[PDB]
There are 8 protein chains.
Amino acid sequence: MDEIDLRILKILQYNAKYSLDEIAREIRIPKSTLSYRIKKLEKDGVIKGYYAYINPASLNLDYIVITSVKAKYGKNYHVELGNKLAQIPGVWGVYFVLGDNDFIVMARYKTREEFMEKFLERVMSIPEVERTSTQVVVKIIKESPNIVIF
Amino acid sequence: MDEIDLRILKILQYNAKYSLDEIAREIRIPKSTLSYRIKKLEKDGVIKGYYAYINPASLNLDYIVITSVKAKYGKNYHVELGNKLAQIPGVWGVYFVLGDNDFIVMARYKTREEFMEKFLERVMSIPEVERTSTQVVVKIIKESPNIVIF
Amino acid sequence: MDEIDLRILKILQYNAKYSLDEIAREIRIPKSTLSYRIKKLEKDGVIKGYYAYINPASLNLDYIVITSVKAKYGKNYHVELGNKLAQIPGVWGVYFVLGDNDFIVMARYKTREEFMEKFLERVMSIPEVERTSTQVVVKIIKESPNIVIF
Amino acid sequence: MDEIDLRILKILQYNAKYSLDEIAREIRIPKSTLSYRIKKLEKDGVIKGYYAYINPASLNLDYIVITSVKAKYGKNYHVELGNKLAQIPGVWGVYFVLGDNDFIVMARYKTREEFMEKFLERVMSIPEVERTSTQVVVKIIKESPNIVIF
Amino acid sequence: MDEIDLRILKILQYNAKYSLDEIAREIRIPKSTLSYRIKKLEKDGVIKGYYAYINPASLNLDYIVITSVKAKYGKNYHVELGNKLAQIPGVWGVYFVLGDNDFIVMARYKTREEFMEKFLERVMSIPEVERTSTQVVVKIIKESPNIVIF
Amino acid sequence: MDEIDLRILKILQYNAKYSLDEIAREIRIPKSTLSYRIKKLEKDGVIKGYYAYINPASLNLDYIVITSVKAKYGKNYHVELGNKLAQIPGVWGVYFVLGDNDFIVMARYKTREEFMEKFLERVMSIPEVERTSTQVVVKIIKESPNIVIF
Amino acid sequence: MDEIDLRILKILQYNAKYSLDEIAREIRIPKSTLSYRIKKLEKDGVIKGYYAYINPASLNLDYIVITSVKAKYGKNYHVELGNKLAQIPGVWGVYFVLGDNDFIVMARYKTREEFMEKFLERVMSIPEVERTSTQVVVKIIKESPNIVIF
Amino acid sequence: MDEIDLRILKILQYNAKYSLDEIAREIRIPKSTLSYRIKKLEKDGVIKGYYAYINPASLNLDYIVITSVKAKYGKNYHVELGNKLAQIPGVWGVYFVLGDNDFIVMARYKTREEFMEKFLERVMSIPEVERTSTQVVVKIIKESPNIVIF
Ligand SMILES: NC(=O)CC[C@H](N)C(=O)O
Ligand SMILES: NC(=O)CC[C@H](N)C(=O)O
Ligand SMILES: NC(=O)CC[C@H](N)C(=O)O
Ligand SMILES: NC(=O)CC[C@H](N)C(=O)O
Ligand SMILES: NC(=O)CC[C@H](N)C(=O)O
Ligand SMILES: NC(=O)CC[C@H](N)C(=O)O
Ligand SMILES: NC(=O)CC[C@H](N)C(=O)O
Ligand SMILES: NC(=O)CC[C@H](N)C(=O)O
Ligand SMILES: [Mg+2]
Ligand SMILES: [Mg+2]
Ligand SMILES: [Mg+2]
Ligand SMILES: [Mg+2]
């Protein structure tokens with residue numbers, strides 16, 4: 001992609017419902033050229049899809065957690081555990097990181113009870129887990145994963 | 001909102017470009033009723049906006065980090081630091097969490113050099129920071145923040 | 001319950017032996033109305049019971065401890081361990097907390113010897129325990145669990 | 001005190017509303033002798049008072065926390081900080097312990113918001129605090145501080 | 001024992017070769033009375049014995065270490081491990097402490113090689129050991145265990 | 001010194017009151033030769049002195065502690081702090097160690113109260129102290145610092 | 001560079017004194033072509049120089065250490081500290097790493113005394129240092145930094 | 001060796017390609033005497049070999065790591081693990097250190113992918129590993145292992 005594609009993506013990351021006319025006017029290119037470039041970005045896997053940004057608070061997702069999970073060494077415990085963590089309802093992010101050399105899991109639940117029932121109790125029953133540490137999010141200063149171009 | 005709004009949102013969180021006809025058929029309600037419900041969800045702040053999901057790898061965002069930042073106590077150091085962290089280019093998530101009682105910052109950069117220049121060097125110069133710990137993400141098992149309804 | 005029940009409880013949390021006449025005068029309601037409200041709070045499980053507050057020092061409870069206990073993951077180790085900890089003589093508080101994701105156990109003993117015999121040696125023999133950390137309380141700045149209404 | 005006083009206290013720690021007749025029958029001593037022994041235990045400071053045990057859940061005290069607080073060394077920072085912590089609404093327990101050589105603070109709040117407003121923000125503004133770590137209680141396996149005689 | 005015994009012990013903790021005449025003059029009691037009191041302190045186990053204080057440096061004991069050793073929970077692992085640690089040549093102190101809830105082992109060796117051969121390799125082969133942390137002493141500011149009366 | 005001096009010291013480290021006749025018989029050398037060798041070891045600083053080993057329990061030294069103390073960097077804070085720690089009544093051992101790169105302080109007191117008054121409160125008032133961690137000794141498996149030759 | 005340069009470097013990383021004839025025979029290229037390629041690798045900064053590998057043990061470098069050093073945040077403390085650490089005699093490696101977000105310093109000394117005098121005492125006097133942790137190397141399983149091509 | 005050998009080594013540690021004439025002139029000794037001394041240092045194992053110093057950046061070795069690895073206790077797990085770590089492609093340094101009482105492994109790779117494939121995945125599959133912590137090097141302030149004489 002080129003500089004023009006970047007200007008298009010910079011707009012799309014914020015508003016996926018802008019009309020072709022508007023964007024075409026903002027970037028200074030023919031609407032048909034814009035339509036083509038967007039179609040290609042989708043075909044090339046640059047634009048993976050379009051999602052509605054739903055306010056978690058509107059769904060009463062008040063119990064937000066970030067949990068570190070250490071896995072047992074040997075066999076294929078690490079890889080298998082990552083997959084088990086990602087299948088848990090409420091879990092939207094699972095990363096393996098260096099430093100602590102473990103998994104960081106991001107999840108959202110409506111209440112403590114739901115978190116315990118759907119997440120913690122589940123993880124507590126996995127034998128290949130060595131340790132876990134749940135950080136309760138008490139303030140979201142910023143959460144805009146959609147912004148990839150600053 | 002009711003059960004019907006939830007079925008609508010469950011679809012919109014995945015595909016914001018579905019036509020009214022398609023969704024109306026999937027949920028079994030008049031297209032005009034659907035259009036109304038969606039307009040209300042937007043007006044009530046439930047649907048905050050629509051974004052294009054861009055593949056970070058397509059933008060060469062290869063240096064992904066999760067950093068813990070501890071703040072000095074006193075005055076208004078904590079609140080002010082959170083805001084400073086959120087203003088850094090590349091930073092998309094800033095949370096204050098219990099447990100470690102500190103900030104967790106999520107950011108993405110193209111390279112180590114960019115991370116050092118735009119993020120680390122910046123944070124290193126803030127006097128009210130007490131400690132920092134950067135976890136380098138080496139594998140993203142899952143990252144679907146758009147999914148709020150499982 | 002209403003604001004009046006709260007005024008009643010605020011008094012009862014401090015002095016359970018106050019006469020109906022006194023409280024009735026303090027809150028400005030008929031003694032019979034007070035007697036009724038108290039009877040209902042007991043029936044509804046709001047007031048669980050009335051206890052005498054005994055000075056631990058009078059019983060020579062000089063060895064006060066707060067111990068963190070980590071459990072092995074898998075099976076039903078966590079739940080079962082919590083119950084084993086709560087059955088130990090001298091233990092009055094057992095909590096499972098996030099952050100360290102473990103149990104915090106509050107206990108009181110007359111001496112180091114009693115603590116070792118009744119608590120530590122017991123816990124040391126439980127195989128599903130992974131780690132423990134005992135914090136010796138050397139000063140109680142405040143301990144008024146009875147105060148629920150400030 | 002003697003063995004008889006201990007039998008009396010063992011009953012009073014559980015039920016402060018038992019009648020003299022009942023206890024006298026249970027322990028096998030004259031009601032007047034019982035009344036005398038109880039009056040003396042109160043006069044000698046053994047029995048500090050009588051409280052109603054109120055169910056925290058009935059007051060919607062759903063956000064339960066245990067926080068470790070480290071103080072700056074020098075001057076009289078430690079002693080002064082302990083007193084500041086004990087004056088915070090919602091705080092019922094403040095202990096200084098060895099091991100971590102810091103304060104452990106027990107508190108209860110109705111919600112995260114109340115905890116942040118009344119406790120965390122307050123503590124965050126105290127300059128002599130070096131570090132804090134809040135453990136969110138997600139399960140109370142046992143909490144019977146009134147039991148001093150097992 | 002009384003105040004006089006304490007004055008005697010205060011001298012003996014520093015110089016076990018002082019003559020009865022000298023001590024008798026220093027404390028103001030008959031030499032025969034002194035001889036009697038000392039004989040009784042030995043008989044009662046107060047004075048356990050008399051040792052020559054040898055300068056470790058004179059024996060080339062240059063590799064001084066303080067090692068923390070954590071034991072596996074269950075069976076009788078803890079007690080048995082303490083005894084195994086105390087039987088190691090070079091080990092003069094073994095303590096079980098709260099806080100870290102583990103063993104602290106004090107030892108002295110002539111060289112790194114001797115430490116590795118006699119201590120570390122030995123401990124590394126004990127399966128019930130969970131973790132160890134050796135602190136290398138690089139400066140002895142004070143080491144006077146013989147002083148019990150200040 | 002030679003092998004003979006080592007055999008002499010091996011005896012003296014255990015019993016400083018053995019008669020010359022006894023030792024001479026045990027090691028197979030003339031009593032006058034023994035007397036000479038011992039006098040030289042004392043003159044050369046090998047034998048620093050002779051102490052009576054007093055049972056700490058006989059002096060009611062029931063509160064035994066091992067405390068780690070971290071010092072502020074800069075100026076001459078480290079060296080000066082070590083000296084301040086060594087001057088505290090009850091402190092018999094002060095070491096600076098690598099690993100934690102801090103001081104390890106060994107002390108003995110009769111009670112918690114004495115420990116707090118004489119040691120902890122004192123250390124709490126030293127501004128150049130960064131952190132402290134007191135490990136309460138609950139069992140002395142072995143404590144024979146006098147043994148330098150195994 | 002190409003595959004041929006890599007074969008040349010693979011030999012040079014192990015033996016810088018091999019003759020052109022030998023290498024030319026081993027890789028199958030004209031000696032003059034080899035001489036040219038080597039001259040270019042030096043000119044392009046690929047080959048930085050040629051060093052004699054001296055056995056540290058032959059120089060009595062028996063005290064080997066790896067120290068973590070944390071710096072104060074603010075101003076230009078971090079960058080300046082790294083440079084100060086690199087100027088210390090005996091220090092051959094200084095790295096800033098993520099995870100602990102601090103400096104890792106590799107050094108070698110003949111004795112503990114030299115380490116304390118040349119390194120530790122020096123670092124202890126730098127005010128912008130927050131913490132340090134020295135790991136004493138007791139066994140070098142492998143140390144071949146010269147091997148860049150496996 | 002003597003002072004003259006040290007002057008020779010001080011030059012050779014920096015430039016192994018200096019001619020005998022040059023060094024002979026710099027140190028003031030006959031070229032034949034120099035040739036002899038160098039030959040002896042090689043024969044005695046002082047000079048282990050001569051290597052070309054290759055710039056890691058020229059080989060695209062951009063992912064530099066320092067990993068701590070803790071081993072399971074018992075059998076011969078420790079010794080065997082050290083050897084397994086040293087056999088991993090990319091690993092140039094393996095040390096066992098006190099303090100953390102574990103292994104520190106230094107390695108270099110071209111990319112994150114290579115590090116994961118060749119190092120991390122390999123180590124993750126070793127059952128006797130208890131924990132690992134990888135520190136990503138983001139800046140090499142100094143790396144001159146060849147310098148043994150300052
Ligand atoms: N430029 C526009 O916005 C629309 C007309 C133009 N010819 C096109 O096809 O794009
Ligand atoms: N039902 C549909 O999808 C469209 C027609 C319907 N009458 C409406 O207005 O929605
Ligand atoms: N008010 C009182 O305290 C007692 C009398 C009142 N009529 C009642 O029954 O409560
Ligand atoms: N024993 C009782 O319970 C009451 C009567 C008895 N004489 C008394 O004064 O206690
Ligand atoms: N007082 C002394 O020192 C010796 C003489 C004294 N009569 C005694 O037996 O002790
Ligand atoms: N050998 C002994 O124990 C004493 C007698 C011997 N001649 C000596 O002077 O030592
Ligand atoms: N090939 C060799 O090793 C030397 C001769 C060849 N012609 C050259 O110049 O390299
Ligand atoms: N001194 C030199 O550099 C060479 C000549 C001298 N005679 C020698 O053999 O070393
Ligand atoms: Mg999106
Ligand atoms: Mg009560
Ligand atoms: Mg002694
Ligand atoms: Mg070299």
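Values below: every heavy atom of this structure, side chains too, minus hydrogens, waters and symmetry copies. Below, chains carry the letters A, B, ... as their sequence lines are ordered, and counting in each starts from 1.
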Exercise for review: May I have the step-by-step check of side chain to side chain contact (heavy atoms under 4.5 Å, CB included) for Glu114(B) and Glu117(B), ending in yes or no?
Suggested key: CA-CA 5 Å; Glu114(B) 184 168 289; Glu117(B) 180 178 358; 5.8 Å; no
If you tally heavy-atom pairs under 4.5 Å between each of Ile104(A), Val79(A), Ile140(A), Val136(A) and chain B, the highest tally belongs to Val136(A)
Less than 3.5 Å apart, any donor N or O on the side chain of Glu22(A) or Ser19(A) sitting next to an acceptor on the other? yes
Say whether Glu42(B) and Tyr50(B), considering side chains only, have a donor N or O and an acceptor N or O under 3.5 Å apart.
yes
From the list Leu6(B), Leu59(B), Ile147(B), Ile47(B), the residue making the most non-hydrogen contacts under 4.5 Å with chain A is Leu59(B)
Among residues 11-18 of chain B, residues within the sub-4.5 Å heavy-atom range of chain A, in order of number, are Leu12(B), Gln13(B), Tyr14(B), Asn15(B), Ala16(B), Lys17(B)
Handout entry: Derivation and outcome, side chain to side chain contact (heavy atoms under 4.5 Å, CB included), residues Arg108(B) and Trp92(B)
Key = CA-CA 8 Å; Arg108(B) 310 185 185 106; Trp92(B) 61 261; 3.6 Å; yes
### Task
For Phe103(B) and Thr67(B), run side chain to side chain contact (heavy atoms under 4.5 Å, CB included): C-alpha distance rounded to whole Å, both residues' side-chain angles, the deciding distance at 0.1 Å, then the answer.
CA-CA 8 Å; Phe103(B) 293 99; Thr67(B) 302; over 6 Å; no
Ranking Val91(A), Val65(A), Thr134(A), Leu61(A) by heavy-atom pairs under 4.5 Å to chain B gives rank one to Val91(A)
Honestly, the part of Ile54(A) sitting under 4.5 Å from a heavy atom of chain B is both
If one checks every heavy atom of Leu9(A) against chain B at 4.5 Å, the contacting part turns out to be both
Of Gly90(B), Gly45(B), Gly99(B), the largest count of non-hydrogen pairs under 4.5 angstrom with chain A goes to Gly90(B)
Looking only at heavy atoms, the pair that brings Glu143(A) and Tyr53(A) closest together is O-OH, 3.7 Å
Under a 4.0 Å threshold between the charged nitrogen and the carboxylate oxygen, would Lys84(B) count as salt-bridged to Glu80(B)?
no
Query raised in the report: Is any side-chain heavy atom of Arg37(B) less than 4.5 Å from a side-chain heavy atom of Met1(B)?
Result: no
Tightest non-hydrogen contact, residues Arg122(B) and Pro89(B), listed as NH2-CD, 3.3 Å
Scanning both residues in full, the closest heavy-atom pair of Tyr109(A) with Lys118(A) reads CE2-CB, 3.9 Å
Taking every heavy atom of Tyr95(A) against every heavy atom of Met106(A), the minimum-distance pair comes out as CE1-CG, 3.8 Å
Listed by number, the residues in residues 25-35 of chain A that come under 4.5 Å of chain B (heavy atom to heavy atom) are none
Shortest non-hydrogen pair, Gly82(B) vs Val94(B), comes out as O-CG1, 4.1 Å
Between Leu81(B) and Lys70(B), the two heavy atoms sitting closest are CD2-O, 4.4 Å
Bottom line for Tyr51(A): the part with an atom under 4.5 Å from chain B's heavy atoms is both
